[PDB]
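Going left to right, the sequence shown walks through residues 62 to 355 as PDB author numbering numbers them. Note that beta-carbon positions come from the ideal geometry of N, C-alpha and C, so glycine has one too. Here the structure is laid out as C-alpha cells; the discussion comes afterwards.
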Amino acid sequence: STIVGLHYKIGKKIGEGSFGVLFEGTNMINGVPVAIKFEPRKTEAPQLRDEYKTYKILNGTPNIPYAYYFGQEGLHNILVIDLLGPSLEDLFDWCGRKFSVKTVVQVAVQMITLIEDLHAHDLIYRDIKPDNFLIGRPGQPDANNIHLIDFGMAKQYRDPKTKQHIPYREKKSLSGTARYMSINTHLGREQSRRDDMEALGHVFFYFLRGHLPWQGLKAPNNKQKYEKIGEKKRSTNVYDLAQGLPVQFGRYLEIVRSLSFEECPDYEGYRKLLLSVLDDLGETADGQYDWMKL
Numbered sequence: 062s063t064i065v066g067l068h069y070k071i072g073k074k075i076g077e078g079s080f081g082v083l084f085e086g087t088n089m090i091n092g093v094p095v096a097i098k099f100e101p102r103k104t105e106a107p108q109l110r111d112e113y114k115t116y117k118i119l120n121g122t123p124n125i126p127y128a129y130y131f132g133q134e135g136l137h138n139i140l141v142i143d144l145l146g147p148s149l150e151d152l153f154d155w156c157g158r159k160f161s162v163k164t165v166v167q168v169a170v171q172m173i174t175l176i177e178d179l180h181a182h183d184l185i186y187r188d189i190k191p192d193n194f195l196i197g198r199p200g201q202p203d204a205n206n207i208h209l210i211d212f213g214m215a216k217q218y219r220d221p222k223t224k225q226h227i228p229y230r231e232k233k234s235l236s237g238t239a240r241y242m243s244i245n246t247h248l249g250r251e252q253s254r255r256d257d258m259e260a261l262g263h264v265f266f267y268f269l270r271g272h273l274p275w276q277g278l279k280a281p282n283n284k285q286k287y288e289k290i291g292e293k294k295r296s297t298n299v300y301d302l303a304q305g306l307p308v309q310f311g312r313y314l315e316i317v318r319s320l321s322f323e324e325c326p327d328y329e330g331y332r333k334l335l336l337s338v339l340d341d342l343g344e345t346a347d348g349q350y351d352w353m354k355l
C-alpha cells in the first residue's frame, strides 16, 4: 500500500500518458475518494503545479473538484483532488455516440454554468471538450451533475483586482482542440470568454448529431488542416448544424459567434433559450439522462 502526501493511499491506475499517471485512491484521514496525478519532475513543460494554483483559485466553486494536496515526492510532482465519475465522452460512447435532445439540453445548461463560474474567477478555459466534463459518483447528491476538470490550458482573461480585460491581438499560434475551437481562434485571434461559449456550442451539436461536418478532413500538414476546419466552420450555416434538431441550438451558436472580444456572455439568456426547447417538446428538466437507461 503506497501513501503520498502523508495520508493519501494510492489505488488502481485509471489513466496514463505523456502527462504522467493517474490513480484513484483514498484520503485516509477521512475516507473520501480521490484522484491522484503524478507528473515526472523533469518534464519539458510542467503543468501540475500551475494546475494546483488554478484549483486553489477555484476551491469552493460548485461542481469543480476540491484540490487537497500538491507536493513533490520521489521523482514526481503530485496533485490530489476529489474523485469524480465518467466523462461525458465516456458516457457518449456508452450511449452509442448520440445523446437525446433532453439529455443535451440538461447537460448544456450545467456546462454554461460551470464556465460562467470559471469566468467569474477571471479565467478562460481555452480547451473545451466533452472529455473534461465529468459526472459525479453513484448515489452522491451530484451523481449526475456535470463537473469540470483539467485546467492546464486555463488563462487569466482579466485582472483579478481591477477586472481590466486582457488586450486584443491577432497572429496567435493555434491553441486547443481543432474539433471544437472557435472561428476566431482559427483566425489567430486572442481568446476571450466568447471563445469558450462558441466551443460549447460546437460540443452541443457534436452530442446531438454524433459528429460535426468538419471531422475527417484531409490536409498536407496540421496547419493546413486547422485552416480547412476553420473555413468549413465559417461556411457552415448554423441551421445546417441544427437540421432535425431544435432551432435554439442553431440560435445559441449564432449568438455566441457574434459576441465582441471583451463582451460578457448572457449566460442566463443562453440557459433560458436552451430550456425553452423542453417547453417546445413538452419535456421537463427532471434529471433523467440517457446514461441512466444503461
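**Q.** Length of the line joining the Cα atoms of residue 210 and residue 193
**A.** Walking along the sequence shown from the start, residue 210 turns up at place 149. Walking along the sequence shown from the start, residue 193 turns up at place 132. Roughly 5 Å separates the two Cα atoms.
Q: Note down, in chain order, each residue of its chain lying with its Cβ closer than 7 Å to the Cβ of residue 126, except the 5 sequence neighbours on either side.
A: To locate residue 126, count along the sequence shown from 1; it is residue 65. For residue 126, where only same-chain residues beyond five positions count, the Cβ hits under 7 Å are 142, 143, 145, 208, 210.
Q) Quick one: any contact between the segment 288-303 and the segment 240-253, if contact means 3 or more CB pairs under 8 Å? A) yes
Q. Does the beta-carbon distance from residue 350 to residue 205 come in below 7 Å?
A. Position 289 of the sequence shown, counted from the first residue, corresponds to residue 350. Position 144 of the sequence shown, counted from the first residue, corresponds to residue 205. Cβ atoms of residue 350 and residue 205: closer than 7 Å.
Q | Three-state secondary structure (DSSP) of residue 158 | A | For this step, residue 158 is matched to residue 97 along the sequence shown. Here DSSP, grouped into helix, strand and coil, assigns residue 158 to coil.
Q) Buried or exposed: which applies to residue 257, given that a residue is buried once 16 or more other Cβ atoms fall within 10 Å of its Cβ? A) Locating residue 257 in the sequence shown gives position 196, counting from the first residue. Burial call: buried.
Q.
Once DSSP output is grouped into helix, strand and coil, what is the label at residue 203?
A. Reading the sequence shown from its first residue, position 142 is the one you call residue 203. Assignment of residue 203 by DSSP, reduced to helix, strand and coil, places it in the coil class.
Q. Should residue 287 and residue 215 be called a contact, given that it needs their Cβ atoms to be closer than 7 Å?
A. Position 226 of the sequence shown, counting from 1, holds the residue named residue 287. Position 154 of the sequence shown, counting from 1, holds the residue named residue 215. No, the Cβ-Cβ distance between residue 287 and residue 215 is not below 7 Å.
Q: Compare the C-beta of residue 242 against all C-beta atoms of chain B and say whether one is closer than 7 Å.
A: Protein chain content of the structure displayed is limited to a single chain, and chain B is not contained in it.
**Q.** Unbroken beta strand (DSSP E) run spanning residue 140, endpoints
**A.** The count along the sequence shown starts at 1 and reaches residue 140 at position 79. Per DSSP, residue 140 belongs to the beta strand (DSSP E) from 137-143.
**Q.** residue 129 - containing beta strand (DSSP E), residue span
**A.** Walking along the sequence shown from the start, residue 129 turns up at place 68. Residue 129 -> beta strand (DSSP E) spans 128-134.
Q: Return the chain-ordered list of same chain residues with a C-beta closer than 7 Å to the C-beta of residue 378, the five sequence neighbours on each side being excluded.
A: As displayed, the chain neither begins before 62 nor continues past 355, which places residue 378 out of reach and without an answer.
Q) So, are the CB atoms of residue 268 and residue 160 less than 7 Å apart? A) Along the sequence shown, read from residue 1 onward, the residue named residue 268 stands at position 207. Along the sequence shown, read from residue 1 onward, the residue named residue 160 stands at position 99. Contact flag set, yes.
Q. Candidates 74, 107, 89, 137: which alpha carbon is nearest residue 99's?
A. As a position in the sequence shown, residue 99 is number 38, starting the count at 1. Of 74, 107, 89, 137, the residue nearest in Cα terms is 137.
**Q.** Counterpart residues of residue 74 in DSSP-defined beta bridges
**A.** In the sequence shown, residue 74 corresponds to position 13, counting from 1. Answer is 84.
Q: Measure how close the beta-carbons of residue 309 and residue 273 come, nearest whole angstrom, since I'm counting them as under 8 Å.
A: By 1-based counting over the sequence shown, the position of residue 309 is 248. By 1-based counting over the sequence shown, the position of residue 273 is 212. Between residue 309 and residue 273 a beta carbon distance of about 18 Å is seen, past the 8 Å cut, so the two are scored as non-contacting.
**Q.** For residue 134 and residue 110, the rounded distance between their alpha carbons
**A.** For this step, residue 110 is matched to residue 49 along the sequence shown. For this step, residue 134 is matched to residue 73 along the sequence shown. Cα-Cα distance, rounded: 13 Å.
Q) Excluding the five sequence neighbours on either side, which residues of its own chain have a C-beta within less than 6 Å of the C-beta of residue 169, listed in chain order? A) As a working mapping, residue 169 is identified with position 108 in the sequence shown. Counting only Cβ-Cβ distances below 6 Å, and skipping sequence neighbours, we find 265, 335.
Q) Which whole-angstrom value is the C-beta distance of residue 189 and residue 241, which I expect to be below 8 Å? A) Sequence index remark: in the sequence shown, residue 189 carries index 128 (1-based). Sequence index remark: in the sequence shown, residue 241 carries index 180 (1-based). That pair is a contact at about 5 Å.
Q: State the CB to CB distance for the pair residue 95 and residue 86, rounded to an integer number of angstroms; the pair is presumed to be in contact (CB under 8 Å).
A: The count along the sequence shown starts at 1 and reaches residue 95 at position 34. The count along the sequence shown starts at 1 and reaches residue 86 at position 25. About 5 Å; that satisfies the 8 Å criterion.
Q: Let me know if residue 285 comes out buried or exposed under the rule of 16 or more other beta-carbons within 10 Å of its beta-carbon.
A: Here residue 285 refers to the residue found at position 224 when the sequence shown is read from its first residue. Per the 10 Å Cβ criterion, exposed.
Q. Can you name, in chain order, every residue of its own chain whose Cβ lies under 6 Å from the Cβ of residue 320, other than the five neighbours on each side?
A. Reading the sequence shown from its first residue, position 259 is the one you call residue 320. Closer than 6 Å at Cβ, skipping near neighbours: 255.
Q.
My assumption, with CB atoms under 8 Å, is that residue 186 sits in contact with residue 195. Please give the rounded CB distance.
A. Along the sequence shown, read from residue 1 onward, the residue named residue 186 stands at position 125. Along the sequence shown, read from residue 1 onward, the residue named residue 195 stands at position 134. About 14 Å separates the two Cβ atoms, so there is no contact after all.
Q) Going along the chain, which unbroken runs of the alpha helix (DSSP H) with 4 or more residues stay wholly within the segment 193-272? A) 244-247, 254-270
(Q) Looking at the ligand ZN, does it come within less than 6 Å of residue 192, judged from the CB to the closest heavy atom? (A) Among the components of this structure there are no ligands whatsoever, and the ligand ZN is therefore not found.
Q) So who's on the other strand from residue 95, going by DSSP bridges? A) Against the sequence shown, residue 95 aligns to sequence position 34. Paired residues: 86, 143.
Q: For residue 172, count neighbouring Cβ atoms within 10 angstroms of its own Cβ and tell me buried if that reaches 16, exposed if not.
A: By one-based count along the sequence shown, residue 172 stands at place 111. Buried, since its Cβ has 16 or more Cβ neighbours within 10 Å.
**Q.** Beta-carbon proximity list for residue 131, same chain, < 6 Å, skipping 5 on both sides
**A.** The residue labelled residue 131 in the question sits at position 70 within the sequence shown. Contacts found: 113, 140.
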